[PDB]
């Protein structure tokens, strides 16, 4: 096959995790911490911890500094005020659970290891510390395994409200709460699976889709508009605007991928899904249209990718689907058996 390589077992994903195109140690010219050498040590320290991680090892716990904690607290405190009225219902349900089990409070910074075990029990997702920016191919590859790569560093203390870069605050307050949702999780994994062995152009179609959904997504819950995009949750200024008076469009994959992603500017438009079950099924049809010589089936038992290119593997799937339907019948039998319905 002439197709692009993609990890076919969970252990192979480490290759993706470590292909860092730009390390966190590398600060851009206009960055606030660019002349702060105390800050740089921390960035280098976090990069090193991430580089040391390999599959099968517990996610390392790190002790945050006091100013970092205050920085986290400031972000945590300000965003909390806007969540009751700007966050989606899925976000609201999960967030208190995080306070109880992951130490999600103003004076404490959660550990990825805590969050990972929390996520694995509730939605099957896990987190990995990432040393820096990855190729969209390698990043989305992680999603196929329900693995989210997280930055472990804190934004510069100079201005807590603003960040030009993803940080642990963005990871913890923006992404994690909604990753816990089983339906949101399936939706995320669909984007990942779609990328596997796809062309670069298709990958970046998916990357754009991810950007306007996971990063900046709005969903209508109970007849009202709420935000579920992680970027929106992290940014107070943008979050206000997203749900404010004045441009929203329905989430359609084919239409959405065309748009351009802006880092500095408030986004041109914000897309909407009635539900994550809708987004997952609008993704799984889009995934069919993606060009590749095979389809992919995810085996959660062996944590590997099955390639569906012959009738043998396909029937095997169908046979499985038959047995599972038999279990559905059992449940319906028992339900009639015990409730007379």
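Positions refer to the first chain, counted from 1.
According to the PDB entry, the deposited sequence contains 1 to 3 residues between residue 246 and residue 247 that lack coordinates.
Here the stretch with the larger average CA B-factor, out of 86-94 and 152-160, is 86-94. Between 297-305 and 284-292, the higher mean Cα B-factor belongs to 284-292.
Considering 126, 111, 221, 188 together, the PDB entry gives 221 the largest C-alpha B factor.
Ranking 257, 115, 134, 140 by Cα temperature factor from the entry places 257 first. Residue 184 sits in the middle third of its chain by CA B factor, as recorded in the PDB entry.
In the PDB entry, a CA B factor belonging to the middle third of its chain's modelled residues is recorded for residue 122. Placement of the Cα temperature factor of residue 52 within the chain: lowest third of the modelled residues, per the deposited record.
Sorting the modelled residues of the chain by their CA temperature factor places residue 105 in the highest third. Annotation for residue 78: C-alpha temperature factor in the highest third relative to the rest of the modelled chain, per the entry.
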